2 protein chains.
Amino acid sequence: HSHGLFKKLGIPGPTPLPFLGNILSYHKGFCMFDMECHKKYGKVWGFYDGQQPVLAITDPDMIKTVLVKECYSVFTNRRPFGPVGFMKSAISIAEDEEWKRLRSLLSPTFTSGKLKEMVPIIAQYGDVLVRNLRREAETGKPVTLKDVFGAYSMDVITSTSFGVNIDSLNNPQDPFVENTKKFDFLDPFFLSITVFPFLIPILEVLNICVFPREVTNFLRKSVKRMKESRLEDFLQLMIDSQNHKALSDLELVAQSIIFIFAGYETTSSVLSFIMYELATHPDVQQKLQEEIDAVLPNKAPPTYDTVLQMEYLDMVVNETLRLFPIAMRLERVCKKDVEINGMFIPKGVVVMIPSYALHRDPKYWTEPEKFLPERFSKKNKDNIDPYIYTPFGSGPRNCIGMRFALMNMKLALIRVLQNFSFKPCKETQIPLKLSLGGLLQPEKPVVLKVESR
Amino acid sequence: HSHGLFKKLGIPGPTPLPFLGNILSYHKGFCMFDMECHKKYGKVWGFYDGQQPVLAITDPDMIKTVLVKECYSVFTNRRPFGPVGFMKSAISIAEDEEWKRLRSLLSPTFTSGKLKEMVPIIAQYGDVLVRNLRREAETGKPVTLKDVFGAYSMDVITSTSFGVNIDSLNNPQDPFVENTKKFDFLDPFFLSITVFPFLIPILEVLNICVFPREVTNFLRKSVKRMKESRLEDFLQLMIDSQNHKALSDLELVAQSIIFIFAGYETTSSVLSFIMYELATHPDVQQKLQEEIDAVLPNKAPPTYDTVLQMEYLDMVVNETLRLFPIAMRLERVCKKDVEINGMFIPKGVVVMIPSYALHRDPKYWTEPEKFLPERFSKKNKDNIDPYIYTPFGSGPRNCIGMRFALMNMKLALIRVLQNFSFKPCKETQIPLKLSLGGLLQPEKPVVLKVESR
Ligand code: HEM
Ligand code: HEM
Ligand SMILES: CC(C)(C)OC(=O)N[C@H](CSC[C@H](Nc1ccccc1)C(=O)NCc1cccnc1)Cc1cccc2ccccc12
Ligand SMILES: CC(C)(C)OC(=O)N[C@H](CSC[C@H](Nc1ccccc1)C(=O)NCc1cccnc1)Cc1cccc2ccccc12
C-alpha cells in the first residue's frame, strides 16, 4: 500500500516488512531504534508503523518550522490515538479548532500569576513528604522512590485540582486515591493497534476506552458533586472559565483526567530519575544542599521567588531531563502537501522529532551518557540549541504544564534535601537500565538509603 | 441471513428486525421478555439474538431430553461466549471433550465427603460474620446485606480455595480482597457483541478479556506462589488431582477464577434475597429461628448433619431460589440436526429453558408471586416437577457447586438467625424490584434493621 513512499522520495530508512512495517525493530525500545537510525542514516530518515509513514527529522531549522513556524498551518495535531471514547476532548488529544479553543480556555490556568498562588499548598505537602521519609530513614530499611514521590505528587494534584487533601501514602486505600493511581506503547494491545489501525473505529462503537470505563465515571460524578458542592485550584479555574465557546461539563472532566495523570506519573518519575543521579554523584548532591542552605538558611521554607533563585537546582533538573526526556519523541501529523527547508513532505505523514536520541547525540553533547549538570551553567547554557534540547517540546503545542511541573518538582527537592541525604544501597541498580518497552521508565525501580541530617 | 428459520419451521415468535433480531425487546430485561413470550406463544417459541436463532422450550419431557438424555450427543455446550482469552479453559465455558475432562477432574472436589471436611472452616467465618453484624446492630444504623454477606462469602471462598484467611469487611483493602471483588449481559458491551459476534475473533487476537488482563495475572502468580509454598482446599484438591489427562497450570488458574466468583457473587446475592423475604414475612423468620433453636439449643454450633436435618430451612432456601433463580435461563447449543419429542431442531440453534418464567408460571404454581415456603414441605414437594423448578440446572452439566452452595448459605443463616432478627427499615424497598438489566439482582440494594437477641 504505502510502503514505497520513502524509496520514492529519496529518503533513506530500514526496509519495511509487509503489514508490520518496521515495528519489529522496537524490540530494543523506541529510544535505541531512534539512536541507531540516526547514526546509520544521518539527518533525515523514514520508517513505517505498520502502514503509517513516519519521517524522522533532526535539523534544528526544520524542527522549528514544524513545531513553531508552521504549526497552525500544517503541523497542528498529534498522531491519531485510539480508542479514546469521551476523552477525544482532552487537550493533548484534541485537534485543530477544538484544540485551539481548549488551549485558549486552559492557558490562563498555567500563568506565573496562578502558579505563584499554588505555592503555599504544594508546600504543606512538602512537609507531609518529610514525615513519611523520616519514618523510613529512622528505620534503616531501603526506600522506593516512585512510591513516596508518587504519594507526594498524587497529594499535590488532588489538591491543586479539586482541593481533596489526603495522606495518600498513609491513606493509600482512600477511594479518591485508588481510582487516580490506575500507556505502554509496546505492550500486547498497542502493537496490535499499529498493525490494525482499522480496528480503532471498531473499538469506539464498542464503547471501549484505553481509559477504563470505570475510573472515568468515578470522576465524571466526583466532579459534578464538587461542581455542586463548590458554588453551594484547577477545577475552579475551569468552572470560573466557563463563565471561544462554552466549556462543557464532560469536557471539564476530560481535562481533569489529563492534568491528574501528568502531574502524577510524569512528576513522580522525573523526581525519581533525579534522586538516582544525585545518589550516584555524591558531590552534585552535596553542592545542591549547600545552595539550598545558602538561600534557605535554618532549613527555611522555599518560596516562589527563592525557587527561581536556585540555579544549580535548575542545572540539576535540566540535566536529568536531558538524559531522560520522558516523552522520548515529539510528533505532528502533516495535514497538507508541503515543503519545509527544501524537503517535500506529503499529506498524512507523521513527522517525528526523536528527542531522546538528540539529547544523547555526541555531535552536540560531549560525553553525553555522563550526568554533568555543568552543561547548563549560565556560562555554557548559550551553547545549547533549544531545538535539540526539548524536554517540554516547543511552539504553540508545547507542554502546557511546564512551569508548574518545574516548580512542583523543585519544591519537592528543596524540602527533601534540606532534611535528608540519599545513598546507593546494595540493591541499587547501577548503572540504571532503561525499560526495553515503550516508556521512559527504569527497568528496575529505584531504591536508595536515606539518612536524617 | 438466518431470520426466516422460525417462520419456516412453523414455530411462532416476535418478528425480528434486520441486524438487531429481537434484542430491543430486552429493554424490560430477559425475564419479562420470557414471561410475555411464554404467555403469548405457548409451549415453544423462537427469537433472534441478532442473527443467532434461539428456541425457547417449556415442555418437561423436551427439557429433560435436552439437559439429560441427549446432553453428551447433541446439547453439550453453552452459547459461545467471548472474548475470553485464556479463560477459554474454564469449566463452565469449555466445550465437548475438554469440558468432559475438566468435569471429571473437578467432580470429586464437590462430593459429600469433601463437603463434610469444609464445614469446620466455613464455621469459623460464620462467627466472624456475627461480630461484624453485632457492631451494626448495637449501632442502630440500617445494614446493607450484599456488603456484609459478600464479605462473608468472600471469606469462605479464599479459605475453601487457597487457605488465605481475611477479615474482608475489616481488611477490605488487603490486596487479595481487592482483586477478587472485581456480567451485565445488557450493558453497552455485550449488546454490541450480539449485533457483531464477528467482532469476538477480533477482540481475541487483540488480547482483550472480559476478565480484565490484570486480576487474572494476579492469581496466575498468586497460585504459582501457593503452588510452590504448599509443597515446600479447592486448589489443593486440584494440585493433588494433577497427580483424563494432565491438568495444566494455567487451566488450574482458570478453574480457581470460576469458583471464586460463583462462591462470592451468587452465594452473597442469594443470601440477600433470603433475608429480604424473611424480613417481609416475620412469621417465616420466627418459625425458622424456632427450628434452629430446636435442633441447636443454646445457640449450639451447626454441624454438617444438623444442617441437612433442618427442613423448613431447606423449604425457605428452595422457595427463595424459586422466586429468584439467579441464572434466569439455561441454554445449550444444538450441535447436530436432531428431532426431540416430535420437533425438528436444526444445527446451530441455541435451545433455551426460561427458568425464571417457569418458576412463576401460574399453570404450575398457585399465587406464584407470593413467598410461600410451604410449597416445599415434604407433603407438597412431590407435586413439583424437577424440570420446571431448576435453580441449579439438570443433567451432566448442572451446577457442580450445588451441594456446596446450599451448605454454605445454610450455615450462614443458622449462625446469623441464632443471634439476630431482621426488620424492614423505612428505606427498605417493598416490594423488591428486579433489575431491568441483565442480572438477577435487585434494582435497589437490600437494607434492613438488625436486633441482638
Ligand atoms: C516533568 C514533567 C513533564 C514533562 C517532562 C512534560 C513534557 C511534555 C512534552 C514533551 C509534551 C509534548 C510537547 C510538544 O509536543 O511540543 C507535553 C505536553 C503536554 N503536557 Fe507535559 N510534561 C510534564 C508535565 C506535565 C504536567 C504536570 C502537566 C499538567 C497539566 C502537563 C500537561 C501537558 C499537556 C496538557 C500537554 C499537551 C499540550 C497540548 O497538546 O496543547 N504536562 N509535556
Ligand atoms: C446459590 C448459588 C448457585 C446457584 C443458584 C447456581 C446455579 C447454577 C446454574 C443454574 C448453572 C447452570 C446449570 C445448567 O446449565 O444445567 C450453574 C453452573 C455452574 N455452577 Fe453454579 N450456582 C450456584 C453456585 C455455584 C458455586 C458456589 C459454584 C462453586 C464452584 C458453582 C459452580 C458452577 C459451575 C462450575 C457451573 C458450570 C458447570 C459445568 O458447566 O460443568 N456454582 N450453576
Ligand atoms: C507513563 C509515561 C510517562 C512513561 O508515559 C505516558 O505519559 N503516556 C502518554 C499517554 S496518551 C495522552 C495522555 N493522556 C493520559 C494518559 C494516562 C492517563 C490519563 C491520561 C497525556 O497527554 N498525558 C499528559 C502528559 C504526559 C506526559 C507529559 N506531559 C503531559 C503519552 C502521550 C500521548 C500523546 C500525546 C502526549 C503529549 C505529551 C506527553 C505525552 C503524550
Ligand atoms: C452476577 C450474576 C449472578 C448476576 O451473573 C453472573 O454470574 N454472570 C455469569 C458470567 S459468564 C461465566 C462465569 N464466569 C465468571 C464470571 C465473572 C467472574 C469470573 C468468572 C461463571 O460460570 N460463573 C460461575 C457461576 C455463576 C452462577 C452460578 N453458578 C456458577 C453468567 C454465566 C455464563 C455462562 C454460563 C453460566 C453457567 C452457570 C451460571 C452462570 C453462567
# chains A, B, ... in the order shown; residues from 1 in each chain; ligands from 1
$ interface_residues --of "chain B" --to "chain A" --cutoff "9 Å" --atoms "only C-alpha atoms" --output "ChimeraX atom specification"
/B:173,188-190,192-193,199,202-203,205-208
$ write_last_selection --atoms "C-alpha atoms" --output "mmCIF file, in the first residue's frame"
data_model
loop_
_atom_site.group_PDB
_atom_site.id
_atom_site.type_symbol
_atom_site.label_atom_id
_atom_site.label_comp_id
_atom_site.auth_asym_id
_atom_site.auth_seq_id
_atom_site.Cartn_x
_atom_site.Cartn_y
_atom_site.Cartn_z
ATOM 1 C CA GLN B 173 -8.147 -3.191 51.353
ATOM 2 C CA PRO B 188 -23.105 -1.223 26.264
ATOM 3 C CA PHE B 189 -20.608 -4.005 25.620
ATOM 4 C CA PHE B 190 -22.487 -7.304 25.366
ATOM 5 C CA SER B 192 -22.650 -4.770 20.799
ATOM 6 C CA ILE B 193 -21.436 -8.381 20.890
ATOM 7 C CA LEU B 199 -16.124 -8.981 16.481
ATOM 8 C CA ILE B 202 -11.184 -9.525 16.572
ATOM 9 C CA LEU B 203 -11.038 -8.929 20.317
ATOM 10 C CA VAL B 205 -6.341 -11.597 18.642
ATOM 11 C CA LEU B 206 -6.249 -8.216 20.451
ATOM 12 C CA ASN B 207 -5.610 -9.957 23.823
ATOM 13 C CA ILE B 208 -8.848 -8.480 25.152
#
$ select_by_dssp --residues "region 257-385 of chain A" --states "alpha helix (DSSP H)" --output "PyMOL selection string"
chain A and resi 257-261+267-279+282-295+304-309+311-323+355-359
$ residues_near_ligand --ligand "ligand 2" --cutoff "7 Å" --atoms "only C-alpha atoms and all ligand atoms" --output "PyMOL selection string"
chain B and resi 67+91-93+99+103+258-259+262-263+266-267+270+321+325-327+330-331+390-395+397-402+404-406
$ write_last_selection --atoms "N, CA, C and O atoms" --output "compact mmCIF listing (two decimals), in the first residue's frame"
# COMPACT_ATOMS: atom_id res chain seq x y z
N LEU B 67 -31.43 -31.53 28.60
CA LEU B 67 -30.46 -31.37 29.67
C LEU B 67 -29.86 -32.70 30.11
O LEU B 67 -28.72 -32.71 30.58
N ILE B 91 -14.24 -24.35 33.26
CA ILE B 91 -15.13 -25.49 33.07
C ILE B 91 -16.48 -25.05 32.51
O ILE B 91 -17.03 -25.68 31.59
N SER B 92 -17.06 -23.98 33.08
CA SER B 92 -18.38 -23.52 32.63
C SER B 92 -18.34 -23.02 31.20
O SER B 92 -19.40 -22.93 30.56
N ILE B 93 -17.16 -22.72 30.68
CA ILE B 93 -17.01 -22.20 29.34
C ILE B 93 -16.53 -23.27 28.36
O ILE B 93 -16.86 -23.20 27.17
N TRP B 99 -14.38 -30.13 28.15
CA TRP B 99 -15.26 -29.99 29.31
C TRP B 99 -15.38 -31.31 30.05
O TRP B 99 -15.20 -31.36 31.27
N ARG B 103 -14.75 -31.62 33.82
CA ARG B 103 -15.82 -32.05 34.71
C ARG B 103 -15.44 -33.32 35.47
O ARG B 103 -15.86 -33.50 36.61
N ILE B 258 -13.29 -19.24 38.25
CA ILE B 258 -14.72 -19.51 38.18
C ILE B 258 -15.28 -19.84 39.56
O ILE B 258 -16.36 -19.39 39.94
N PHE B 259 -14.53 -20.62 40.35
CA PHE B 259 -15.01 -20.98 41.68
C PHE B 259 -15.08 -19.75 42.57
O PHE B 259 -16.06 -19.55 43.30
N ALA B 262 -18.30 -17.63 41.54
CA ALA B 262 -19.57 -18.26 41.88
C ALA B 262 -19.80 -18.23 43.39
O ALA B 262 -20.80 -17.68 43.86
N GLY B 263 -18.85 -18.74 44.17
CA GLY B 263 -18.96 -18.76 45.62
C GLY B 263 -19.07 -17.39 46.27
O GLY B 263 -19.38 -17.32 47.47
N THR B 266 -22.81 -15.17 43.50
CA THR B 266 -24.04 -15.94 43.59
C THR B 266 -24.43 -16.16 45.05
O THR B 266 -25.53 -15.79 45.47
N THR B 267 -23.52 -16.72 45.84
CA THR B 267 -23.81 -17.02 47.24
C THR B 267 -24.27 -15.77 47.99
O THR B 267 -25.29 -15.80 48.68
N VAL B 270 -27.82 -14.59 46.74
CA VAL B 270 -28.91 -15.42 47.20
C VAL B 270 -29.17 -15.17 48.68
O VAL B 270 -30.32 -15.00 49.10
N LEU B 321 -35.04 -19.44 45.97
CA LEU B 321 -34.47 -19.76 44.66
C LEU B 321 -35.56 -19.91 43.60
O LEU B 321 -35.30 -19.67 42.42
N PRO B 325 -34.23 -17.39 40.60
CA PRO B 325 -33.20 -18.29 40.08
C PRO B 325 -32.11 -17.50 39.36
O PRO B 325 -32.34 -17.04 38.24
N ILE B 326 -30.93 -17.32 39.98
CA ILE B 326 -30.04 -16.24 39.57
C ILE B 326 -29.52 -16.41 38.16
O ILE B 326 -29.04 -15.44 37.57
N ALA B 327 -29.58 -17.62 37.61
CA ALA B 327 -29.19 -17.89 36.23
C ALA B 327 -30.25 -17.48 35.22
O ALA B 327 -29.91 -17.30 34.05
N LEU B 330 -31.42 -21.37 31.26
CA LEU B 330 -30.45 -22.40 30.92
C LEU B 330 -30.38 -22.53 29.40
O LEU B 330 -31.35 -22.27 28.69
N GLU B 331 -29.21 -22.92 28.87
CA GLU B 331 -29.02 -22.88 27.42
C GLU B 331 -28.10 -23.99 26.98
O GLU B 331 -27.17 -24.36 27.69
N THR B 390 -35.75 -25.52 38.53
CA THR B 390 -34.39 -25.92 38.17
C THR B 390 -33.37 -24.83 38.51
O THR B 390 -32.58 -24.41 37.66
N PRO B 391 -33.31 -24.41 39.77
CA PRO B 391 -32.37 -23.32 40.12
C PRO B 391 -30.89 -23.66 39.87
O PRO B 391 -30.06 -22.75 39.76
N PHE B 392 -30.56 -24.94 39.74
CA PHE B 392 -29.20 -25.42 39.54
C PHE B 392 -29.09 -26.22 38.24
O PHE B 392 -28.16 -27.02 38.07
N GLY B 393 -30.03 -26.04 37.32
CA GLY B 393 -29.99 -26.79 36.08
C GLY B 393 -30.42 -28.23 36.28
O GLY B 393 -31.18 -28.58 37.20
N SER B 394 -29.92 -29.09 35.40
CA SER B 394 -30.15 -30.52 35.47
C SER B 394 -29.22 -31.22 34.49
O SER B 394 -28.84 -30.65 33.46
N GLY B 395 -28.86 -32.45 34.82
CA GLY B 395 -28.12 -33.29 33.92
C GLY B 395 -26.62 -33.16 34.07
O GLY B 395 -26.12 -32.49 34.99
N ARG B 397 -24.44 -31.42 32.94
CA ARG B 397 -23.84 -30.10 33.02
C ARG B 397 -24.54 -29.19 34.03
O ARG B 397 -24.46 -27.96 33.93
N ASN B 398 -25.19 -29.77 35.03
CA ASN B 398 -25.83 -28.96 36.06
C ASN B 398 -24.77 -28.27 36.92
O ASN B 398 -23.56 -28.45 36.74
N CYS B 399 -25.23 -27.45 37.87
CA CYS B 399 -24.31 -26.69 38.73
C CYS B 399 -23.41 -27.57 39.58
O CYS B 399 -23.89 -28.15 40.55
N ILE B 400 -22.11 -27.63 39.28
CA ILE B 400 -21.23 -28.51 40.04
C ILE B 400 -21.17 -28.10 41.51
O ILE B 400 -20.92 -28.94 42.38
N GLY B 401 -21.41 -26.82 41.79
CA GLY B 401 -21.22 -26.31 43.14
C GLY B 401 -22.49 -26.36 43.96
O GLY B 401 -22.56 -25.72 45.00
N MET B 402 -23.49 -27.11 43.49
CA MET B 402 -24.82 -27.08 44.12
C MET B 402 -24.76 -27.47 45.58
O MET B 402 -25.16 -26.68 46.46
N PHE B 404 -22.30 -27.60 47.62
CA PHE B 404 -21.52 -26.67 48.42
C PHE B 404 -22.26 -25.36 48.63
O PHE B 404 -22.29 -24.83 49.75
N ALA B 405 -22.86 -24.81 47.56
CA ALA B 405 -23.63 -23.57 47.68
C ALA B 405 -24.69 -23.69 48.76
O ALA B 405 -24.74 -22.89 49.70
N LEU B 406 -25.54 -24.72 48.66
CA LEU B 406 -26.60 -24.94 49.65
C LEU B 406 -26.05 -24.99 51.06
O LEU B 406 -26.51 -24.27 51.95
$ residues_around --residues "region 149-159 of chain B" --least-positions-apart "5" --cutoff "10 Å" --atoms "only C-alpha atoms" --output "ChimeraX atom specification"
/B:118,121-130,132-133,144,164-172,176-177,180-181,233-234,256,259-272,408-409,412
$ residues_around --residues "region 241-248 of chain A" --least-positions-apart "3" --cutoff "9 Å" --atoms "only C-alpha atoms" --output "list in words"
residues 100, 101, 102, 104, 105, 106, 236, 237, 238, 251 and 252 of chain A
